[PDB]
>>> print(open('final36.tsv').read())   # TSV, C-alpha atoms and all ligand atoms
chain	number	residue	atom	x	y	z
A	204	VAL	CA	-22.83	-3.07	13.43
A	205	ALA	CA	-22.29	-6.21	11.37
A	206	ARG	CA	-25.83	-7.36	12.18
A	207	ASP	CA	-27.22	-4.25	10.45
A	208	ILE	CA	-25.12	-4.87	7.31
A	209	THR	CA	-26.57	-6.41	4.17
A	210	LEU	CA	-23.83	-7.78	1.93
A	211	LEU	CA	-24.78	-6.47	-1.52
A	212	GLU	CA	-21.93	-7.72	-3.73
A	213	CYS	CA	-18.73	-9.72	-3.18
A	214	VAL	CA	-15.76	-8.08	-4.94
A	215	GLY	CA	-13.08	-10.59	-3.95
A	216	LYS	CA	-12.30	-13.88	-2.24
A	217	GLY	CA	-8.91	-15.39	-1.52
A	218	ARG	CA	-6.63	-16.93	1.07
A	219	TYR	CA	-7.05	-13.81	3.21
A	220	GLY	CA	-10.86	-13.70	3.27
A	221	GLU	CA	-13.62	-11.91	1.37
A	222	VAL	CA	-14.34	-8.26	0.58
A	223	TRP	CA	-17.94	-7.14	0.08
A	224	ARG	CA	-19.74	-3.99	-0.85
A	225	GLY	CA	-22.39	-3.60	1.83
A	226	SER	CA	-25.06	-1.19	2.96
A	227	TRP	CA	-25.15	0.26	6.48
A	228	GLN	CA	-27.95	2.71	7.24
A	229	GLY	CA	-28.60	2.60	3.51
A	230	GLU	CA	-25.03	3.74	2.80
A	231	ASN	CA	-22.26	2.00	0.88
A	232	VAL	CA	-19.57	0.40	3.04
A	233	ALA	CA	-16.71	-1.99	2.38
A	234	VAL	CA	-16.70	-5.16	4.49
A	235	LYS	CA	-13.71	-7.44	4.94
A	236	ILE	CA	-14.57	-10.86	6.34
A	237	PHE	CA	-11.22	-12.24	7.47
A	238	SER	CA	-10.27	-15.85	7.00
A	239	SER	CA	-9.71	-18.07	10.02
A	240	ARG	CA	-5.94	-18.02	9.40
A	241	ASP	CA	-5.73	-14.21	9.57
A	242	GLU	CA	-7.38	-13.22	12.87
A	243	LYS	CA	-4.18	-11.47	13.97
A	244	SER	CA	-4.47	-9.06	11.04
A	245	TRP	CA	-8.03	-8.29	12.11
A	246	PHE	CA	-6.75	-7.69	15.64
A	247	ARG	CA	-3.86	-5.44	14.60
A	248	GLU	CA	-5.94	-3.41	12.15
A	249	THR	CA	-8.75	-2.99	14.68
A	250	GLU	CA	-6.12	-1.98	17.23
A	251	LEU	CA	-4.62	0.70	14.98
A	252	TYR	CA	-7.95	2.29	14.06
A	253	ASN	CA	-9.35	2.22	17.61
A	254	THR	CA	-6.28	3.59	19.43
A	255	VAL	CA	-4.82	6.11	16.93
A	256	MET	CA	-6.47	9.17	15.38
A	257	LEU	CA	-6.00	8.21	11.73
A	258	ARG	CA	-8.41	10.57	9.95
A	259	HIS	CA	-6.77	11.62	6.68
A	260	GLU	CA	-8.02	12.14	3.14
A	261	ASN	CA	-5.48	9.59	1.83
A	262	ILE	CA	-5.88	6.87	4.48
A	263	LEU	CA	-8.82	4.48	4.20
A	264	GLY	CA	-11.56	5.62	6.56
A	265	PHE	CA	-12.43	3.14	9.30
A	266	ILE	CA	-16.05	2.69	10.40
A	267	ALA	CA	-16.20	-0.31	12.71
A	268	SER	CA	-14.89	-3.73	13.69
A	269	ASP	CA	-17.01	-6.64	14.87
A	270	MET	CA	-17.39	-10.35	15.50
A	271	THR	CA	-20.47	-12.13	14.19
A	272	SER	CA	-21.75	-15.65	13.57
A	273	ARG	CA	-22.36	-17.30	10.21
A	274	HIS	CA	-22.62	-21.00	9.37
A	275	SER	CA	-22.37	-21.69	13.11
A	276	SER	CA	-18.85	-20.21	13.16
A	277	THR	CA	-17.20	-16.94	14.13
A	278	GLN	CA	-16.53	-14.30	11.49
A	279	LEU	CA	-14.33	-11.26	12.09
A	280	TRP	CA	-15.48	-8.16	10.20
A	281	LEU	CA	-13.73	-4.87	9.48
A	282	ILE	CA	-15.92	-2.18	7.92
A	283	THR	CA	-14.61	0.90	6.09
A	284	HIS	CA	-15.76	3.59	3.71
A	285	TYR	CA	-16.51	2.31	0.21
A	286	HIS	CA	-14.62	3.51	-2.87
A	287	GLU	CA	-16.47	2.75	-6.10
A	288	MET	CA	-13.33	2.84	-8.24
A	289	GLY	CA	-11.69	-0.07	-6.42
A	290	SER	CA	-8.00	-0.79	-6.17
A	291	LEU	CA	-5.24	1.09	-7.96
A	292	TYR	CA	-4.05	-2.29	-9.23
A	293	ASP	CA	-7.37	-2.89	-11.02
A	294	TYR	CA	-7.71	0.78	-12.05
A	295	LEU	CA	-4.35	0.85	-13.85
A	296	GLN	CA	-5.40	-2.08	-16.03
A	297	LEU	CA	-8.65	-0.40	-17.10
A	298	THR	CA	-7.42	3.06	-18.09
A	299	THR	CA	-4.48	5.22	-19.10
A	300	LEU	CA	-3.56	8.47	-17.36
A	301	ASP	CA	-2.76	12.01	-18.44
A	302	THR	CA	-0.15	14.09	-16.62
A	303	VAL	CA	-2.55	15.67	-14.11
A	304	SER	CA	-4.19	12.32	-13.32
A	305	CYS	CA	-0.86	10.52	-12.82
A	306	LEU	CA	0.63	13.20	-10.55
A	307	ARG	CA	-2.59	13.48	-8.53
A	308	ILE	CA	-2.44	9.73	-7.89
A	309	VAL	CA	1.20	9.49	-6.81
A	310	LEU	CA	1.20	12.71	-4.76
A	311	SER	CA	-1.88	11.50	-2.87
A	312	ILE	CA	-0.10	8.24	-2.00
A	313	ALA	CA	3.00	10.14	-0.87
A	314	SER	CA	0.84	12.41	1.29
A	315	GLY	CA	-0.90	9.45	2.95
A	316	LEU	CA	2.42	7.70	3.55
A	317	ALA	CA	4.10	10.80	4.98
A	318	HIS	CA	1.13	11.25	7.32
A	319	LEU	CA	1.56	7.66	8.50
A	320	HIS	CA	5.33	7.92	8.94
A	321	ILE	CA	5.51	11.12	11.03
A	322	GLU	CA	4.66	11.41	14.71
A	323	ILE	CA	2.34	14.27	15.64
A	324	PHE	CA	2.06	15.59	19.19
A	325	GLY	CA	-0.73	17.40	20.99
A	326	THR	CA	-4.44	17.15	20.28
A	327	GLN	CA	-4.06	15.89	16.69
A	328	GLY	CA	-1.34	13.50	17.80
A	329	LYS	CA	-0.49	10.07	16.45
A	330	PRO	CA	2.47	7.74	16.85
A	331	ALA	CA	4.67	7.21	13.84
A	332	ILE	CA	3.41	4.25	11.80
A	333	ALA	CA	5.03	2.09	9.16
A	334	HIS	CA	2.75	0.14	6.83
A	335	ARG	CA	4.85	-2.94	5.87
A	336	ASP	CA	2.64	-4.19	2.99
A	337	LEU	CA	2.44	-1.24	0.60
A	338	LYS	CA	1.46	-2.22	-2.95
A	339	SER	CA	-1.01	-1.14	-5.60
A	340	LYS	CA	-3.52	-3.77	-4.43
A	341	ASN	CA	-3.52	-2.03	-1.02
A	342	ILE	CA	-4.35	1.39	-2.51
A	343	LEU	CA	-7.85	2.51	-3.45
A	344	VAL	CA	-8.88	5.12	-6.01
A	345	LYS	CA	-11.31	7.85	-4.95
A	346	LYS	CA	-13.79	9.65	-7.18
A	347	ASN	CA	-11.73	12.87	-7.17
A	348	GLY	CA	-8.73	11.02	-8.62
A	349	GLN	CA	-6.67	10.85	-5.44
A	350	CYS	CA	-5.94	7.57	-3.71
A	351	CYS	CA	-6.03	6.30	-0.15
A	352	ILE	CA	-3.73	3.76	1.50
A	353	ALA	CA	-5.39	0.71	3.04
A	354	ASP	CA	-4.63	-2.28	5.27
A	355	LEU	CA	-2.99	-1.52	8.61
A	356	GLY	CA	-2.93	-5.21	9.62
A	357	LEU	CA	0.89	-5.32	9.62
A	358	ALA	CA	1.51	-1.79	10.89
A	359	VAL	CA	4.35	-1.00	13.30
A	360	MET	CA	4.14	1.99	15.65
A	361	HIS	CA	6.71	4.18	17.39
A	362	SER	CA	6.29	6.94	19.97
A	363	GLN	CA	9.05	9.36	20.97
A	364	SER	CA	7.79	10.02	24.51
A	365	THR	CA	8.52	6.42	25.51
A	366	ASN	CA	10.90	5.61	22.65
A	367	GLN	CA	8.61	2.58	22.44
A	368	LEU	CA	8.62	0.48	19.27
A	369	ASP	CA	5.42	-1.55	18.93
A	370	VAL	CA	5.72	-4.32	16.39
A	371	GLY	CA	2.78	-6.64	16.08
A	372	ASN	CA	2.52	-10.25	17.10
A	373	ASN	CA	1.22	-10.93	13.59
A	374	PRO	CA	3.09	-13.79	11.85
A	375	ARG	CA	2.00	-12.39	8.47
A	376	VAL	CA	4.79	-11.02	6.29
A	377	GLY	CA	4.68	-8.51	3.47
A	378	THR	CA	3.92	-9.32	-0.15
A	379	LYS	CA	7.09	-10.95	-1.45
A	380	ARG	CA	7.11	-9.17	-4.82
A	381	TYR	CA	7.39	-5.83	-3.00
A	382	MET	CA	9.90	-6.81	-0.29
A	383	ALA	CA	12.99	-4.61	-0.03
A	384	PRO	CA	16.37	-6.38	-0.14
A	385	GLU	CA	17.02	-6.04	3.60
A	386	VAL	CA	13.78	-7.95	4.25
A	387	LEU	CA	14.63	-10.71	1.77
A	388	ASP	CA	18.18	-11.15	3.10
A	389	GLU	CA	16.89	-10.92	6.70
A	390	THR	CA	19.41	-8.26	7.74
A	391	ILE	CA	16.75	-5.65	8.51
A	392	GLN	CA	17.33	-4.24	11.99
A	393	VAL	CA	13.98	-5.02	13.60
A	394	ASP	CA	14.40	-2.81	16.69
A	395	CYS	CA	14.89	0.47	14.77
A	396	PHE	CA	11.65	2.07	13.57
A	397	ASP	CA	13.40	3.78	10.64
A	398	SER	CA	14.09	0.37	9.08
A	399	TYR	CA	10.35	-0.14	8.61
A	400	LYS	CA	9.87	3.29	7.04
A	401	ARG	CA	12.64	2.51	4.55
A	402	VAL	CA	10.90	-0.74	3.63
A	403	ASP	CA	7.76	1.28	2.84
A	404	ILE	CA	9.83	3.58	0.62
A	405	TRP	CA	11.20	0.68	-1.40
A	406	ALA	CA	7.66	-0.52	-2.04
A	407	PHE	CA	6.44	3.00	-2.84
A	408	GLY	CA	9.12	3.28	-5.53
A	409	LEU	CA	7.73	0.15	-7.15
A	410	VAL	CA	4.20	1.59	-7.08
A	411	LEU	CA	5.51	4.82	-8.63
A	412	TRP	CA	6.87	2.71	-11.48
A	413	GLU	CA	3.56	0.85	-11.89
A	414	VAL	CA	1.56	4.07	-12.17
A	415	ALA	CA	3.98	6.00	-14.39
A	416	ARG	CA	3.89	3.20	-16.99
A	417	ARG	CA	0.22	4.06	-17.58
A	418	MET	CA	0.73	7.80	-18.17
A	419	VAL	CA	0.44	8.69	-21.85
A	420	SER	CA	3.21	10.69	-23.54
A	421	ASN	CA	3.75	11.23	-27.27
A	422	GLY	CA	0.59	9.18	-27.73
A	423	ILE	CA	2.11	5.98	-26.32
A	424	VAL	CA	1.91	4.08	-23.05
A	425	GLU	CA	3.13	0.85	-21.48
A	426	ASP	CA	0.80	-2.02	-20.71
A	427	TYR	CA	0.15	-2.56	-17.04
A	428	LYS	CA	2.74	-4.86	-15.49
A	429	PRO	CA	3.57	-5.64	-11.87
A	430	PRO	CA	7.13	-4.96	-10.68
A	431	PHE	CA	9.61	-7.63	-11.78
A	432	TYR	CA	7.00	-9.15	-14.12
A	433	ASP	CA	9.84	-10.06	-16.48
A	434	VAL	CA	12.07	-11.94	-14.03
A	435	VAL	CA	9.79	-13.74	-11.56
A	436	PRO	CA	6.61	-15.79	-11.94
A	437	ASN	CA	3.21	-15.13	-10.43
A	438	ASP	CA	3.20	-15.80	-6.69
A	439	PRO	CA	7.01	-15.54	-6.58
A	440	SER	CA	8.90	-17.40	-3.87
A	441	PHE	CA	11.32	-16.07	-1.28
A	442	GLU	CA	14.14	-17.60	-3.32
A	443	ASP	CA	12.74	-16.09	-6.52
A	444	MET	CA	12.68	-12.55	-5.12
A	445	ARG	CA	15.96	-12.79	-3.21
A	446	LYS	CA	17.91	-13.86	-6.30
A	447	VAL	CA	16.49	-10.96	-8.31
A	448	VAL	CA	16.66	-8.27	-5.64
A	449	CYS	CA	19.54	-9.30	-3.36
A	450	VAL	CA	22.10	-11.06	-5.57
A	451	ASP	CA	21.57	-9.81	-9.12
A	452	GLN	CA	20.37	-6.53	-7.55
A	453	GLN	CA	17.89	-5.92	-10.36
A	454	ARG	CA	15.52	-2.94	-10.49
A	455	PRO	CA	12.52	-2.31	-12.76
A	456	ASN	CA	13.58	-0.98	-16.15
A	457	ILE	CA	12.87	2.61	-17.18
A	458	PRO	CA	11.17	2.70	-20.62
A	459	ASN	CA	13.10	4.85	-23.06
A	460	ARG	CA	10.02	6.89	-24.02
A	461	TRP	CA	9.85	8.40	-20.52
A	462	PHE	CA	12.83	10.57	-21.49
A	463	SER	CA	10.78	12.44	-24.11
A	464	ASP	CA	8.41	13.68	-21.39
A	465	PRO	CA	9.51	16.11	-18.66
A	466	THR	CA	7.14	14.61	-16.09
A	467	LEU	CA	8.15	10.97	-16.57
A	468	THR	CA	11.77	12.15	-16.60
A	469	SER	CA	11.43	13.50	-13.06
A	470	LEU	CA	9.40	10.48	-11.89
A	471	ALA	CA	12.12	8.11	-13.09
A	472	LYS	CA	14.68	10.06	-11.05
A	473	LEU	CA	12.40	9.99	-8.01
A	474	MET	CA	11.64	6.27	-8.09
A	475	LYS	CA	15.33	5.39	-8.41
A	476	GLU	CA	15.97	7.33	-5.20
A	477	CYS	CA	13.59	4.91	-3.43
A	478	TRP	CA	15.39	1.78	-4.70
A	479	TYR	CA	18.91	2.19	-3.29
A	480	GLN	CA	20.25	-1.11	-2.01
A	481	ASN	CA	21.50	0.84	1.02
A	482	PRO	CA	18.31	1.58	3.01
A	483	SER	CA	19.67	4.75	4.64
A	484	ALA	CA	20.15	6.32	1.19
A	485	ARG	CA	16.47	6.14	0.23
A	486	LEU	CA	14.37	9.29	0.25
A	487	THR	CA	11.89	9.81	3.06
A	488	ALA	CA	8.16	9.99	2.43
A	489	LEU	CA	8.20	13.69	3.29
A	490	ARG	CA	10.98	14.33	0.77
A	491	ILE	CA	9.06	12.35	-1.85
A	492	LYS	CA	5.90	14.36	-1.13
A	493	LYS	CA	7.81	17.64	-1.41
A	494	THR	CA	9.34	16.61	-4.75
A	495	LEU	CA	6.05	15.37	-6.20
A	496	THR	CA	4.54	18.73	-5.24
A	497	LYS	CA	7.23	20.35	-7.42
A	498	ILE	CA	6.78	18.17	-10.53
A	499	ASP	CA	4.83	20.20	-13.10
B	1	LIG	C1	-12.85	-3.28	4.18
B	1	LIG	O1	-11.55	-3.36	4.65
B	1	LIG	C2	-10.70	-3.17	3.53
B	1	LIG	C3	-11.23	-3.11	2.24
B	1	LIG	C4	-10.37	-2.93	1.14
B	1	LIG	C5	-10.97	-2.84	-0.26
B	1	LIG	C6	-10.59	-3.86	-1.28
B	1	LIG	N1	-11.15	-3.77	-2.57
B	1	LIG	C7	-10.72	-4.80	-3.51
B	1	LIG	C8	-12.07	-2.71	-2.91
B	1	LIG	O2	-12.55	-2.64	-4.04
B	1	LIG	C9	-12.47	-1.64	-1.85
B	1	LIG	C10	-13.39	-0.57	-2.16
B	1	LIG	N2	-13.72	0.32	-1.27
B	1	LIG	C11	-13.23	0.29	-0.04
B	1	LIG	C12	-12.32	-0.73	0.35
B	1	LIG	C13	-11.93	-1.72	-0.59
B	1	LIG	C14	-8.99	-2.80	1.32
B	1	LIG	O3	-8.12	-2.63	0.18
B	1	LIG	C15	-7.33	-3.79	-0.06
B	1	LIG	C16	-8.45	-2.87	2.64
B	1	LIG	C17	-9.30	-3.07	3.72
B	1	LIG	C18	-8.72	-3.11	5.12
B	1	LIG	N3	-8.43	-4.38	5.71
B	1	LIG	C19	-9.44	-5.44	5.59
B	1	LIG	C20	-7.09	-4.74	5.40
>>> encode(input="final36.tsv", output="structure tokens", more="lines below")
Ligand SMILES: COc1cc(-c2cn(C)c(=O)c3cnccc23)c(OC)cc1CN(C)C
Amino acid sequence: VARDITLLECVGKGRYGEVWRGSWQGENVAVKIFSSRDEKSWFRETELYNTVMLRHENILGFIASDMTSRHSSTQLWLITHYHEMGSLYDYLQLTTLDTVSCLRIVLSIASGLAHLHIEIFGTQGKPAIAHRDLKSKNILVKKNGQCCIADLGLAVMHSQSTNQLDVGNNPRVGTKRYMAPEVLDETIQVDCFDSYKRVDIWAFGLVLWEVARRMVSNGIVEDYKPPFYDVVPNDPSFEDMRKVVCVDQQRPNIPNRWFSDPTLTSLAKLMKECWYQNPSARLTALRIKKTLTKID
């Protein structure tokens, strides 16, 4: 369907590739043109969307995958629904949030993640899936104020019928800034699917912190900052992150003003339960979803 796509506007270009707003059948779509170095992400993401029933309000809706020719060279395209509001990362820098808006955002992420993490059997079945690169840049904002999780190019799958764990063959690794300590110290047990879910939870806790900083209380708010903004530079290294997270065992600071708001009080408690150095102690996505349903 790439041949019937007119690229209307490029919204991003980087080492990974380009993302375009396009029209297909006169409708808005998002087009990712992968870079040459990332074909295995195109393969894995295409594989996930074509072999698993992934329809969910909080998971980015897949439309099609294709190979096409431009500049006498092969381009790999992935096409998805288009979300006018863009990434949560960009959204948080353009606006502040009230209590309803903040909770709607984080609950929607928890619901998407819990849907990924659980295996469903029968007609609506899906294997359990871990994401492995959760971050606010990989979350889109919808018009109704909920979010949807995007990018399954690093996803790992597990199915109970076979007890089969399907890791990729993708040499891509997660975003370093969001890597849990067991990833940075390379002690993660790679043959146990729960390890990957617990890595997602660590990253979700960081996203929770990013979003809650932008919720207004007592007429004040924090500026947007990425996690560990104060202790690592942009494009942090493996050594940078490992020293902060593994040795010094640092966690994002809770701003004092959160404790004069009941909602940010509970969110601070929640995000800390995702950041335990011991991975088995972290909350599950279902437990996080349940709790976020109870806040307010
Ligand atoms: C099109 O494929 C994707 C598009 C986007 C995407 C990015 N930006 C910046 C957007 O504004 C946007 C707006 N609407 C819909 C989607 C996007 C994405 O989020 C990072 C993940 C994939 C999936 N895959 C290539 C990993």
>>> closest_residue(input="final36.tsv", among="A:467, A:342, A:411, A:387", to="residue 354 of chain A", atoms="only C-alpha atoms")
A:342
>>> residues_near_ligand(input="final36.tsv", ligand="ligand LIG 1 (chain B)", cutoff="9 Å", atoms="only C-alpha atoms and all ligand atoms", output="count of residues only")
44
>>> closest_residue(input="final36.tsv", among="A:250, A:370, A:302, A:296", to="residue 428 of chain A", atoms="all atoms listed in the file")
A:296
>>> closest_residue(input="final36.tsv", among="A:391, A:463, A:238, A:292", to="residue 429 of chain A", atoms="only C-alpha atoms")
A:292
>>> closest_residue(input="final36.tsv", among="A:360, A:323, A:208, A:470", to="residue 416 of chain A", atoms="all atoms listed in the file")
A:470
>>> atom_distance(input="final36.tsv", atom1="atom CA of residue 475 of chain A", atom2="atom CA of residue 347 of chain A")
28.1 Å
>>> atom_distance(input="final36.tsv", atom1="atom CA of residue 464 of chain A", atom2="atom CA of residue 492 of chain A")
20.4 Å
>>> closest_residue(input="final36.tsv", among="A:363, A:261, A:278, A:452", to="residue 348 of chain A", atoms="all atoms listed in the file")
A:261
>>> closest_residue(input="final36.tsv", among="A:472, A:206, A:385, A:397", to="residue 449 of chain A", atoms="only C-alpha atoms")
A:385
>>> residues_around(input="final36.tsv", residues="residue 494 of chain A", least_positions_apart="4", cutoff="12 Å", atoms="only C-alpha atoms", output="list in words")
residues 306, 309, 310, 313, 314, 466, 469, 470, 472, 473, 474, 476, 486, 487, 488, 489, 490, 498 and 499 of chain A
>>> decode(input="final36.tsv", residues="segment 428-442 of chain A", atoms="N, CA, C and O atoms", output="PDB file, in the first residue's frame")
ATOM      1  N   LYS A 428      11.460  17.297  32.391  1.00  0.00           N
ATOM      2  CA  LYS A 428      12.809  16.760  32.383  1.00  0.00           C
ATOM      3  C   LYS A 428      12.741  15.267  32.093  1.00  0.00           C
ATOM      4  O   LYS A 428      11.785  14.601  32.496  1.00  0.00           O
ATOM      5  N   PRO A 429      13.730  14.727  31.394  1.00  0.00           N
ATOM      6  CA  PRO A 429      13.814  13.278  31.247  1.00  0.00           C
ATOM      7  C   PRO A 429      14.360  12.654  32.516  1.00  0.00           C
ATOM      8  O   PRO A 429      15.003  13.343  33.323  1.00  0.00           O
ATOM      9  N   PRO A 430      14.130  11.357  32.733  1.00  0.00           N
ATOM     10  CA  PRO A 430      14.680  10.717  33.935  1.00  0.00           C
ATOM     11  C   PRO A 430      16.198  10.816  33.963  1.00  0.00           C
ATOM     12  O   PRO A 430      16.871  10.638  32.946  1.00  0.00           O
ATOM     13  N   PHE A 431      16.732  11.099  35.150  1.00  0.00           N
ATOM     14  CA  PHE A 431      18.166  11.202  35.396  1.00  0.00           C
ATOM     15  C   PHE A 431      18.798  12.395  34.686  1.00  0.00           C
ATOM     16  O   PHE A 431      20.023  12.452  34.533  1.00  0.00           O
ATOM     17  N   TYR A 432      17.974  13.364  34.271  1.00  0.00           N
ATOM     18  CA  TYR A 432      18.472  14.585  33.641  1.00  0.00           C
ATOM     19  C   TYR A 432      19.603  15.227  34.431  1.00  0.00           C
ATOM     20  O   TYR A 432      20.484  15.868  33.846  1.00  0.00           O
ATOM     21  N   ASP A 433      19.596  15.078  35.753  1.00  0.00           N
ATOM     22  CA  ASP A 433      20.534  15.792  36.608  1.00  0.00           C
ATOM     23  C   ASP A 433      21.836  15.037  36.843  1.00  0.00           C
ATOM     24  O   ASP A 433      22.742  15.587  37.477  1.00  0.00           O
ATOM     25  N   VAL A 434      21.972  13.809  36.341  1.00  0.00           N
ATOM     26  CA  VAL A 434      23.149  13.018  36.686  1.00  0.00           C
ATOM     27  C   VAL A 434      23.816  12.398  35.462  1.00  0.00           C
ATOM     28  O   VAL A 434      24.921  11.855  35.566  1.00  0.00           O
ATOM     29  N   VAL A 435      23.167  12.466  34.304  1.00  0.00           N
ATOM     30  CA  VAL A 435      23.773  11.942  33.080  1.00  0.00           C
ATOM     31  C   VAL A 435      23.567  12.941  31.957  1.00  0.00           C
ATOM     32  O   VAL A 435      22.631  13.754  31.987  1.00  0.00           O
ATOM     33  N   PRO A 436      24.446  12.935  30.961  1.00  0.00           N
ATOM     34  CA  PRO A 436      24.304  13.844  29.826  1.00  0.00           C
ATOM     35  C   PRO A 436      23.344  13.280  28.788  1.00  0.00           C
ATOM     36  O   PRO A 436      22.916  12.125  28.847  1.00  0.00           O
ATOM     37  N   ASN A 437      23.012  14.129  27.821  1.00  0.00           N
ATOM     38  CA  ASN A 437      22.254  13.671  26.667  1.00  0.00           C
ATOM     39  C   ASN A 437      23.002  12.539  25.973  1.00  0.00           C
ATOM     40  O   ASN A 437      24.235  12.496  25.963  1.00  0.00           O
ATOM     41  N   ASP A 438      22.246  11.611  25.400  1.00  0.00           N
ATOM     42  CA  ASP A 438      22.803  10.387  24.831  1.00  0.00           C
ATOM     43  C   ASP A 438      23.759   9.735  25.834  1.00  0.00           C
ATOM     44  O   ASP A 438      24.953   9.578  25.546  1.00  0.00           O
ATOM     45  N   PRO A 439      23.276   9.362  27.016  1.00  0.00           N
ATOM     46  CA  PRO A 439      24.171   8.782  28.021  1.00  0.00           C
ATOM     47  C   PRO A 439      24.745   7.458  27.545  1.00  0.00           C
ATOM     48  O   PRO A 439      24.151   6.753  26.727  1.00  0.00           O
ATOM     49  N   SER A 440      25.921   7.131  28.065  1.00  0.00           N
ATOM     50  CA  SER A 440      26.611   5.902  27.714  1.00  0.00           C
ATOM     51  C   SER A 440      26.171   4.759  28.625  1.00  0.00           C
ATOM     52  O   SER A 440      25.460   4.949  29.615  1.00  0.00           O
ATOM     53  N   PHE A 441      26.598   3.547  28.264  1.00  0.00           N
ATOM     54  CA  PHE A 441      26.390   2.401  29.141  1.00  0.00           C
ATOM     55  C   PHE A 441      27.058   2.629  30.490  1.00  0.00           C
ATOM     56  O   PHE A 441      26.470   2.360  31.544  1.00  0.00           O
ATOM     57  N   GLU A 442      28.298   3.121  30.472  1.00  0.00           N
ATOM     58  CA  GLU A 442      28.996   3.420  31.716  1.00  0.00           C
ATOM     59  C   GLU A 442      28.263   4.498  32.505  1.00  0.00           C
ATOM     60  O   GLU A 442      28.084   4.380  33.722  1.00  0.00           O
TER      61      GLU A 442
END
